[PDB]
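Engineer: Data file entry_10.cif (mmCIF, C-alpha atoms and all ligand atoms) is appended below.
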data_my_file
#
loop_
_atom_site.label_atom_id
_atom_site.label_comp_id
_atom_site.auth_asym_id
_atom_site.auth_seq_id
_atom_site.Cartn_x
_atom_site.Cartn_y
_atom_site.Cartn_z
CA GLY A 17 -26.07 9.81 -107.89
CA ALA A 18 -25.55 6.06 -108.33
CA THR A 19 -22.97 3.72 -109.76
CA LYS A 20 -20.00 2.76 -111.73
CA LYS A 21 -19.99 -0.23 -111.94
CA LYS A 22 -16.69 -1.07 -113.52
CA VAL A 23 -15.81 -4.26 -115.29
CA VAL A 24 -13.70 -6.31 -112.88
CA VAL A 25 -10.68 -7.69 -114.70
CA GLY A 26 -8.40 -10.26 -112.98
CA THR A 27 -4.77 -11.17 -113.65
CA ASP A 28 -1.77 -13.04 -112.16
CA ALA A 29 0.73 -10.17 -112.11
CA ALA A 30 3.84 -12.35 -111.80
CA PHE A 31 4.45 -13.00 -115.53
CA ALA A 32 6.76 -10.37 -117.05
CA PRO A 33 6.57 -9.00 -119.71
CA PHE A 34 2.78 -9.54 -119.89
CA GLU A 35 1.89 -8.45 -116.37
CA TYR A 36 4.07 -7.89 -113.34
CA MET A 37 4.43 -5.48 -110.41
CA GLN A 38 6.64 -2.43 -110.59
CA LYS A 39 6.52 0.23 -107.88
CA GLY A 40 3.15 -1.02 -106.54
CA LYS A 41 1.51 -0.80 -109.99
CA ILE A 42 0.59 -3.63 -112.37
CA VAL A 43 2.47 -3.11 -115.68
CA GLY A 44 3.11 -5.02 -118.89
CA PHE A 45 2.04 -5.83 -122.40
CA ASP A 46 -1.31 -7.30 -121.34
CA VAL A 47 -1.86 -4.20 -119.14
CA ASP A 48 -1.34 -1.73 -122.00
CA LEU A 49 -3.33 -3.82 -124.42
CA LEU A 50 -6.25 -4.13 -121.96
CA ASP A 51 -6.36 -0.34 -121.53
CA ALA A 52 -6.48 0.24 -125.30
CA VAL A 53 -9.09 -2.45 -125.74
CA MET A 54 -11.43 -1.34 -122.91
CA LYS A 55 -11.13 2.30 -124.00
CA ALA A 56 -12.04 1.36 -127.60
CA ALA A 57 -14.93 -0.69 -126.14
CA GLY A 58 -16.22 2.28 -124.05
CA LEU A 59 -15.93 0.12 -120.90
CA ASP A 60 -14.84 1.38 -117.50
CA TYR A 61 -12.75 -1.21 -115.69
CA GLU A 62 -10.46 -2.09 -112.79
CA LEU A 63 -7.50 -4.45 -113.08
CA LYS A 64 -6.82 -6.63 -110.00
CA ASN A 65 -3.90 -8.95 -109.24
CA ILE A 66 -5.76 -11.92 -107.90
CA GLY A 67 -3.38 -14.76 -108.66
CA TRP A 68 -3.63 -17.60 -111.16
CA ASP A 69 -5.74 -20.29 -109.54
CA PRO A 70 -8.03 -17.68 -107.91
CA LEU A 71 -8.49 -16.04 -111.33
CA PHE A 72 -10.08 -19.20 -112.73
CA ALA A 73 -12.14 -19.81 -109.61
CA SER A 74 -13.42 -16.19 -109.73
CA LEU A 75 -14.32 -16.43 -113.43
CA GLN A 76 -16.39 -19.48 -112.59
CA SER A 77 -18.29 -17.68 -109.74
CA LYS A 78 -18.44 -14.51 -111.94
CA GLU A 79 -16.85 -12.47 -109.13
CA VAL A 80 -14.43 -11.40 -111.84
CA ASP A 81 -15.98 -10.36 -115.19
CA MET A 82 -12.92 -10.83 -117.41
CA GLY A 83 -9.32 -11.93 -117.31
CA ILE A 84 -6.10 -11.11 -119.16
CA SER A 85 -3.01 -12.99 -117.99
CA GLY A 86 -0.99 -14.57 -120.89
CA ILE A 87 -3.81 -17.18 -121.12
CA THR A 88 -3.63 -19.77 -123.88
CA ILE A 89 -6.93 -20.48 -125.61
CA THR A 90 -7.54 -24.28 -125.35
CA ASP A 91 -10.38 -26.63 -126.15
CA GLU A 92 -10.58 -27.83 -122.60
CA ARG A 93 -10.78 -24.28 -121.23
CA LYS A 94 -13.50 -23.39 -123.79
CA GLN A 95 -15.65 -26.01 -122.02
CA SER A 96 -15.84 -23.72 -118.99
CA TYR A 97 -15.00 -20.22 -120.26
CA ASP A 98 -15.31 -18.01 -123.35
CA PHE A 99 -12.31 -16.37 -125.06
CA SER A 100 -11.74 -13.29 -127.15
CA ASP A 101 -10.20 -13.61 -130.63
CA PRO A 102 -6.46 -14.30 -130.25
CA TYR A 103 -4.15 -11.42 -129.51
CA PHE A 104 -0.69 -13.09 -129.30
CA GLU A 105 1.06 -16.26 -130.48
CA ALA A 106 3.43 -18.15 -128.20
CA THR A 107 4.96 -21.54 -127.47
CA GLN A 108 6.30 -23.36 -124.43
CA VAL A 109 10.09 -23.52 -124.17
CA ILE A 110 12.54 -25.05 -121.71
CA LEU A 111 14.43 -22.83 -119.32
CA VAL A 112 17.65 -24.32 -117.83
CA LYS A 113 20.93 -23.24 -116.27
CA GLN A 114 23.75 -22.82 -118.76
CA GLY A 115 25.68 -26.07 -118.35
CA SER A 116 22.53 -28.18 -118.52
CA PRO A 117 22.98 -31.06 -120.98
CA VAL A 118 19.33 -30.69 -122.14
CA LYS A 119 19.02 -30.26 -125.95
CA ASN A 120 15.27 -30.96 -126.44
CA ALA A 121 12.18 -31.89 -124.40
CA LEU A 122 12.92 -35.59 -124.53
CA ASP A 123 16.17 -34.98 -122.61
CA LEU A 124 14.02 -34.03 -119.58
CA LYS A 125 13.13 -37.69 -119.12
CA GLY A 126 13.81 -38.66 -115.50
CA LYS A 127 14.56 -35.04 -114.53
CA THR A 128 12.61 -32.74 -112.22
CA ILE A 129 10.57 -30.10 -114.05
CA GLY A 130 9.13 -26.96 -112.51
CA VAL A 131 5.90 -25.46 -113.90
CA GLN A 132 3.19 -23.07 -112.86
CA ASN A 133 0.15 -25.01 -111.62
CA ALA A 134 -2.65 -25.47 -114.18
CA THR A 135 -0.75 -24.15 -117.21
CA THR A 136 -0.13 -25.46 -120.72
CA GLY A 137 3.51 -25.95 -119.55
CA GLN A 138 2.28 -28.35 -116.86
CA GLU A 139 0.19 -29.92 -119.58
CA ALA A 140 3.12 -30.37 -121.94
CA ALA A 141 5.25 -31.92 -119.15
CA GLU A 142 2.46 -34.38 -118.25
CA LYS A 143 1.82 -35.25 -121.90
CA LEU A 144 5.53 -35.95 -122.49
CA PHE A 145 6.30 -37.89 -119.28
CA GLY A 146 3.01 -38.70 -117.55
CA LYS A 147 1.77 -37.31 -114.26
CA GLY A 148 4.02 -37.78 -111.24
CA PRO A 149 6.18 -36.27 -108.43
CA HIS A 150 8.95 -35.24 -110.89
CA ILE A 151 6.69 -32.44 -112.10
CA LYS A 152 6.81 -29.76 -109.45
CA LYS A 153 3.94 -27.26 -109.52
CA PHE A 154 4.08 -23.65 -108.23
CA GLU A 155 1.41 -20.96 -107.82
CA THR A 156 3.50 -18.45 -109.85
CA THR A 157 5.98 -18.80 -112.69
CA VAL A 158 8.21 -16.52 -110.57
CA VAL A 159 8.55 -19.27 -107.91
CA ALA A 160 9.11 -21.95 -110.60
CA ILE A 161 12.12 -19.93 -111.83
CA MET A 162 13.40 -19.47 -108.27
CA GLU A 163 13.31 -23.28 -107.83
CA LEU A 164 15.38 -23.59 -111.05
CA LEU A 165 17.93 -21.10 -109.66
CA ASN A 166 18.30 -22.83 -106.28
CA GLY A 167 18.57 -26.30 -107.83
CA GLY A 168 15.19 -27.55 -106.62
CA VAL A 169 14.33 -28.37 -110.25
CA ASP A 170 16.45 -29.26 -113.31
CA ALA A 171 14.35 -27.28 -115.82
CA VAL A 172 11.25 -25.06 -116.08
CA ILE A 173 8.71 -25.22 -118.90
CA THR A 174 7.10 -21.83 -119.51
CA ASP A 175 6.07 -19.39 -122.27
CA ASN A 176 8.65 -18.24 -124.80
CA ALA A 177 8.46 -14.44 -124.20
CA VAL A 178 8.57 -14.93 -120.43
CA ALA A 179 11.66 -17.20 -120.57
CA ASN A 180 13.36 -15.02 -123.18
CA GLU A 181 12.82 -11.78 -121.26
CA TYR A 182 13.95 -13.34 -117.97
CA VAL A 183 17.27 -14.42 -119.56
CA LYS A 184 17.72 -11.09 -121.34
CA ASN A 185 17.05 -9.19 -118.10
CA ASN A 186 19.08 -11.53 -115.87
CA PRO A 187 22.46 -12.24 -117.55
CA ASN A 188 24.15 -12.83 -114.18
CA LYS A 189 21.81 -15.76 -113.49
CA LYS A 190 23.42 -17.61 -116.44
CA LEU A 191 20.22 -19.26 -117.69
CA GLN A 192 19.36 -20.28 -121.24
CA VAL A 193 16.26 -21.01 -123.39
CA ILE A 194 15.91 -24.22 -125.32
CA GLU A 195 13.26 -24.17 -128.04
CA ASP A 196 11.74 -27.47 -129.24
CA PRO A 197 9.26 -26.92 -132.13
CA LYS A 198 8.98 -30.71 -132.60
CA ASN A 199 7.53 -31.27 -129.11
CA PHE A 200 5.77 -28.00 -128.23
CA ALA A 201 2.64 -26.74 -130.03
CA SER A 202 1.75 -23.22 -131.24
CA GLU A 203 -0.39 -21.41 -128.66
CA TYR A 204 -2.58 -18.30 -128.96
CA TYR A 205 -3.44 -16.02 -126.03
CA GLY A 206 -7.04 -14.77 -125.55
CA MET A 207 -8.75 -12.51 -123.02
CA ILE A 208 -11.07 -14.79 -121.00
CA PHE A 209 -14.68 -14.44 -119.75
CA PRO A 210 -17.22 -16.38 -117.80
CA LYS A 211 -19.27 -18.55 -120.13
CA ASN A 212 -21.99 -16.55 -121.96
CA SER A 213 -20.46 -13.16 -121.09
CA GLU A 214 -22.02 -10.12 -122.70
CA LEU A 215 -18.53 -8.45 -122.81
CA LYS A 216 -16.92 -10.79 -125.40
CA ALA A 217 -18.48 -9.17 -128.49
CA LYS A 218 -17.43 -5.62 -127.42
CA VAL A 219 -13.92 -6.79 -126.56
CA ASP A 220 -13.59 -8.63 -129.96
CA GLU A 221 -14.66 -5.51 -131.87
CA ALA A 222 -12.37 -3.28 -129.73
CA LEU A 223 -9.38 -5.58 -130.26
CA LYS A 224 -10.03 -5.35 -134.05
CA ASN A 225 -10.13 -1.58 -133.75
CA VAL A 226 -6.88 -1.54 -131.68
CA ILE A 227 -5.11 -3.74 -134.25
CA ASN A 228 -6.50 -1.75 -137.20
CA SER A 229 -5.39 1.65 -135.85
CA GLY A 230 -1.73 0.64 -135.31
CA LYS A 231 -2.12 0.81 -131.49
CA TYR A 232 -1.51 -2.92 -131.11
CA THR A 233 1.80 -2.59 -132.93
CA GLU A 234 2.84 0.50 -130.90
CA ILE A 235 2.24 -1.52 -127.68
CA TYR A 236 3.97 -4.60 -129.16
CA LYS A 237 7.02 -2.56 -130.13
CA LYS A 238 7.15 -0.94 -126.67
CA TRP A 239 7.47 -4.34 -125.03
CA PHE A 240 9.37 -6.41 -127.59
CA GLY A 241 11.36 -3.88 -129.62
CA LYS A 242 10.35 -5.30 -133.00
CA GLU A 243 7.30 -5.42 -135.31
CA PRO A 244 4.64 -8.08 -134.69
CA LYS A 245 3.55 -10.52 -137.40
CA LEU A 246 -0.15 -9.63 -137.40
CA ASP A 247 -0.95 -12.48 -139.83
CA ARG A 248 -0.44 -14.80 -136.78
CA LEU A 249 -3.68 -13.34 -135.39
CA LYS A 250 -5.77 -14.51 -138.40
CA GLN A 251 -4.88 -18.21 -138.29
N1 LIG B 1 0.00 -19.46 -121.49
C1 LIG B 1 0.10 -20.54 -120.45
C2 LIG B 1 0.84 -20.03 -119.23
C3 LIG B 1 0.15 -18.80 -118.60
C4 LIG B 1 0.59 -18.60 -117.13
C5 LIG B 1 0.33 -17.15 -116.72
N2 LIG B 1 0.57 -16.96 -115.19
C6 LIG B 1 -1.32 -20.98 -120.04
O1 LIG B 1 -2.32 -20.35 -120.43
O2 LIG B 1 -1.47 -21.94 -119.31
#
Could I get this structure in the form of structure tokens?
Structural biologist:
Amino acid sequence: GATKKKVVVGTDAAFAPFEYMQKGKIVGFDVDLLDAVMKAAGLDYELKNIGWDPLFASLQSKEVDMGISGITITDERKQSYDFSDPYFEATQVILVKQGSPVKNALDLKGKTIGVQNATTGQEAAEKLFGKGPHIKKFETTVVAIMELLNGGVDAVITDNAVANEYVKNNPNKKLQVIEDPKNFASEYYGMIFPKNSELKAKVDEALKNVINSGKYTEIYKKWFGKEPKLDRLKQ
């Protein structure tokens, strides 16, 4: 007999703790949350590591049906895509070597900044300093961090849980996180869909069900070791 077909879900699995590779498998908070959500939604699915810029290209062509990849909901992105209700709150931070004199975002003036291409961190860097060669763009956040380590850049702007977990997992790298609430906005992550997707409603209801049952907090505690503040998801 005929058919799956499965929902095709894309991701950039180079963004621990949300999605990353471990032993040939894609793991992480977004991975576990997606499984809970799609199961609650009664949707069969496949999760594919397609990379960040390809993910957006493939959503536009509808080769991929859905994405989950630590993606900030933004007004500009809503022009081209649809988002689920938010499932996480985050902010950009600055990642530097210990020893850096940087105390806030404004201290990055005249310095070289590494970011992942087409991210809200690239956006924040361009908003603060204008577009130019001092902003170095990489296809993964992993490579951005590598360019911090080897001195190719002076600082990286990326998401708080990603920077924090990198430092906590890599003490011997002697990096540090600088937070700047005055210069960086609150951000909310959403699952993402091609415009006019018939999956969004099912995913929104499933996410509600996952949060309501305590499954969201079990997953959150697995990855972060503390309770979430669920009231952040109703802002
Ligand atoms: N949350 C930021 C960074 C995500 C990058 C994930 N590879 C954004 O949506 O642009």
Engineer: Ligand LIG 1 (chain B): which residues are within 9 Å, counting all atoms listed in the file, as an MDAnalysis selection string?
Structural biologist: chainID A and resid 27:31 34:35 67:68 85:90 106:108 132:139 155:158 174:175 203:206
Engineer: Out of A:177, A:226, A:37, A:171, which residue has the shortest atom-to-atom distance to residue 117 (chain A) when counting all atoms listed in the file?
Structural biologist: A:171
Engineer: So, with all atoms listed in the file as the atoms that count, which of A:50, A:122, A:63, A:80 lies closest to residue 195 (chain A)?
Structural biologist: A:122
Engineer: Quick one: everything within 12 Å of region 164-167 of chain A, counting all atoms listed in the file, minus sequence neighbours fewer than 3 positions away in the same chain. Send it as a PyMOL selection string.
Structural biologist: chain A and resi 110-114+116+127-131+152+154+157-161+170-174+183+186+188-192
Engineer: Please determine, counting only C-alpha atoms, which residue among A:33, A:243, A:61, A:55 has the shortest atom-to-atom distance to residue 20 (chain A).
Structural biologist: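 When distances to residue 20 (chain A) are compared using only C-alpha atoms, the smallest one comes from A:61.
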Engineer: Counting only C-alpha atoms, which residues sit no farther than 9 Å from the position (5.8, -34.9, -121.7) in the file's frame? I'd like them as JSON, numbers by chain.
Structural biologist: {"A": [121, 122, 124, 125, 138, 139, 140, 141, 142, 143, 144, 145, 146, 147, 199]}
Engineer: Kindly export the residues of the current selection with C-alpha atoms, as a PDB file, keeping the file's coordinate frame.
Structural biologist:
ATOM      1  CA  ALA A 121      12.180 -31.890-124.400  1.00  0.00           C
ATOM      2  CA  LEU A 122      12.920 -35.590-124.530  1.00  0.00           C
ATOM      3  CA  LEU A 124      14.020 -34.030-119.580  1.00  0.00           C
ATOM      4  CA  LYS A 125      13.130 -37.690-119.120  1.00  0.00           C
ATOM      5  CA  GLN A 138       2.280 -28.350-116.860  1.00  0.00           C
ATOM      6  CA  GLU A 139       0.190 -29.920-119.580  1.00  0.00           C
ATOM      7  CA  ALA A 140       3.120 -30.370-121.940  1.00  0.00           C
ATOM      8  CA  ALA A 141       5.250 -31.920-119.150  1.00  0.00           C
ATOM      9  CA  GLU A 142       2.460 -34.380-118.250  1.00  0.00           C
ATOM     10  CA  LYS A 143       1.820 -35.250-121.900  1.00  0.00           C
ATOM     11  CA  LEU A 144       5.530 -35.950-122.490  1.00  0.00           C
ATOM     12  CA  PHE A 145       6.300 -37.890-119.280  1.00  0.00           C
ATOM     13  CA  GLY A 146       3.010 -38.700-117.550  1.00  0.00           C
ATOM     14  CA  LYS A 147       1.770 -37.310-114.260  1.00  0.00           C
ATOM     15  CA  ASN A 199       7.530 -31.270-129.110  1.00  0.00           C
TER      16      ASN A 199
END
Engineer: Take the point (-11.2, -10.1, -104.4) in the file's coordinates, draw a sphere of radius 10 Å around it, and report as a ChimeraX atom specification every protein, DNA or RNA residue with an atom inside or on it, counting all atoms listed in the file.
Structural biologist: /A:24,26,64-66,70-71,74,79-80
Engineer: Restricting the calculation to all atoms listed in the file: of A:181, A:69, A:221, A:81, which residue gets closest to residue 100 (chain A)?
Structural biologist: A:221
Engineer: Would you please work out which residue, of A:104, A:99, A:240, A:182, is nearest to residue 209 (chain A) when using all atoms listed in the file?
Structural biologist: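 Among A:104, A:99, A:240, A:182, it is A:99 that comes nearest to residue 209 (chain A).
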Engineer: With 4 Å on each side, where is the centre of the axis-aligned box around all listed atoms of region 19-25 of chain A, and how long are its edges in Å to one decimal, as JSON?
Structural biologist:
{"center_x": -16.8, "center_y": -2.0, "center_z": -112.5, "size_x": 20.3, "size_y": 19.4, "size_z": 13.5}
Engineer: Please list as a list in words every residue within 9 Å of residue 53 (chain A), counting all atoms listed in the file and excluding residues in the same chain fewer than 3 positions away.
Structural biologist: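 Skipping anything fewer than 3 positions along the chain leaves residues 48, 49, 50, 56, 57, 58, 59, 219, 220, 221, 222, 223, 224, 225 and 226 of chain A.
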Engineer: Give me a file of those residues, with C-alpha atoms, as a short mmCIF file (atom, residue, chain, number, x, y, z; two decimals), keeping the file's coordinate frame.
Structural biologist:
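Result file is part.cif:
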data_model
loop_
_atom_site.label_atom_id
_atom_site.label_comp_id
_atom_site.auth_asym_id
_atom_site.auth_seq_id
_atom_site.Cartn_x
_atom_site.Cartn_y
_atom_site.Cartn_z
CA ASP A 48 -1.34 -1.73 -122.00
CA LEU A 49 -3.33 -3.82 -124.42
CA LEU A 50 -6.25 -4.13 -121.96
CA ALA A 56 -12.04 1.36 -127.60
CA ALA A 57 -14.93 -0.69 -126.14
CA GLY A 58 -16.22 2.28 -124.05
CA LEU A 59 -15.93 0.12 -120.90
CA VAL A 219 -13.92 -6.79 -126.56
CA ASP A 220 -13.59 -8.63 -129.96
CA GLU A 221 -14.66 -5.51 -131.87
CA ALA A 222 -12.37 -3.28 -129.73
CA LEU A 223 -9.38 -5.58 -130.26
CA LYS A 224 -10.03 -5.35 -134.05
CA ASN A 225 -10.13 -1.58 -133.75
CA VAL A 226 -6.88 -1.54 -131.68
#
Engineer: How many Å separate CA of residue 200 (chain A) from CA of residue 187 (chain A)?
Structural biologist: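 Computing the Euclidean distance for CA of residue 200 (chain A) and CA of residue 187 (chain A) yields 25.3 Å.
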Engineer: Between A:235, A:47, A:194, A:227, which is the closest to residue 207 (chain A) once you count only C-alpha atoms?
Structural biologist: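 Among A:235, A:47, A:194, A:227, it is A:47 that comes nearest to residue 207 (chain A).
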Engineer: How many Å lie between CA of residue 148 (chain A) and CA of residue 169 (chain A), rounded to one decimal?
Structural biologist: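 Separating CA of residue 148 (chain A) from CA of residue 169 (chain A) is a distance of 14.0 Å.
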Engineer: Could you please determine the separation between CA of residue 25 (chain A) and CA of residue 75 (chain A) in Å, to one decimal place?
Structural biologist: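 Taking CA of residue 25 (chain A) as the start and CA of residue 75 (chain A) as the end point, the length is 9.6 Å.
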